[PDB]
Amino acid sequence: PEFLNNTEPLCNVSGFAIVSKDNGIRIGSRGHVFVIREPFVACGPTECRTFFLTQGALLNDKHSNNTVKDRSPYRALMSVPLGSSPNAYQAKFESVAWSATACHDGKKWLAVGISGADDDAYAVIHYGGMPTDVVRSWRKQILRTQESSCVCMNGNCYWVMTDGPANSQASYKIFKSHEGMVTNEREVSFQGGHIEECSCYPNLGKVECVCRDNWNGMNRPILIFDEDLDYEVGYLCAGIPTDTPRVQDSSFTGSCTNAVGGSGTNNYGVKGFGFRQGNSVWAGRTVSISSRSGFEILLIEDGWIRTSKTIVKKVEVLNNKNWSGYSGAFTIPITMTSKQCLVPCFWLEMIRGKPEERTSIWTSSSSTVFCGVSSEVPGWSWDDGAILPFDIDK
């Protein structure tokens, strides 16, 4: 086993093809499937896996009550092979966690899981299934991380964490690790900005992240850093807002540097992603400007470098009559593709239950996964598909 380089350029893609759909909630109507949320995908040299935060309880069981709640001692990071339901018998335990990130360095799996009290949480770093290091909360205010794949290059793995208020200035840090040990860290200066739940991917030896601003921005923060943790921080330049909530495109003016908000969009957001394509960008967003429903991906001409409103391509993978949720980025390594570039992929979380579906006592999600290809691909609507309410709700 050797470390994955992962220093190749990101592939330029013209479309996204569906790779998997787990149908976990449909299956969990009768099968034994964890209540989850915050799923994500990460790939190693030979396989991709779906990670997720369980609620330490199964669908259609009484312990699924009140699972809209974000943090508890019962939540765990676990994984299954890509496409499998997050079920009770295939799930691989990764970490105790109510917030997490994971990735593969070419030799072993790295998993970072945060648990503990809101005012004194800590991340446990697991490497090859063994606990190796810890990161303590430095602001004592809900230490939290990506809820998507971290990035490994040349044997070093990188991720972003936040600590501090949800709706005002917080603290943002980049971490570097080798074989599960933290070897470097850097605080990101971002006055007036807010960074959470970064979706990051490798691109020509740098880590590029598209994040969530839960404060004053309906545009998404962009964070780019190198192996030294030297960084650039700002916002996705595009004159098309991609957070939720947001306003209609025509009411929005882009900015490369400033959080753009107001108009009832402040103080919330949703995890999302984008992929740089030279000077352009593929960016995902919910179809609804106000709720987590529908999902589409847009190719915005020069959207990485200027306040462009030029949409070159748009593909819908979930119509606005169906519930979405988080989305995130990952890449497929050269060892699986034999290519000279890294294939950009994204996953989509489809949340069922509370708060949108009040007649259910629970909250869970299922996923779809899509990967970039060199040609245009039609969209469709691959919805969660579960019929609610469930037995336990009656």
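All residue numbers are counted from 1 along the displayed sequence.
Comparing the deposited coordinates for 375 to 383 and 21 to 29, the stretch with the larger average C-alpha B-factor is 375 to 383. Across the two stretches, 80 to 88 and 133 to 141, the PDB entry reports the greater mean Cα temperature factor for 133 to 141. Remark: of 207, 110, 259, 117, 259 shows the highest value [criterion: C-alpha B-factor in the PDB entry]. For the set 339, 49, 352, 62, the PDB entry puts the maximum C-alpha B factor at 339. When the modelled residues of the chain are ordered by C-alpha B-factor, residue 170 sits in the middle third. Among the modelled residues of the chain, residue 301 sits in the highest third by CA temperature factor in this PDB entry.
In the deposited entry, the Cα temperature factor of residue 369 sits in the bottom third of values across the chain's modelled residues. Among the modelled residues of its chain, residue 359 has a C-alpha B-factor that falls in the highest third according to the deposited record. In the PDB entry, a CA B factor belonging to the highest third of its chain's modelled residues is recorded for residue 238.
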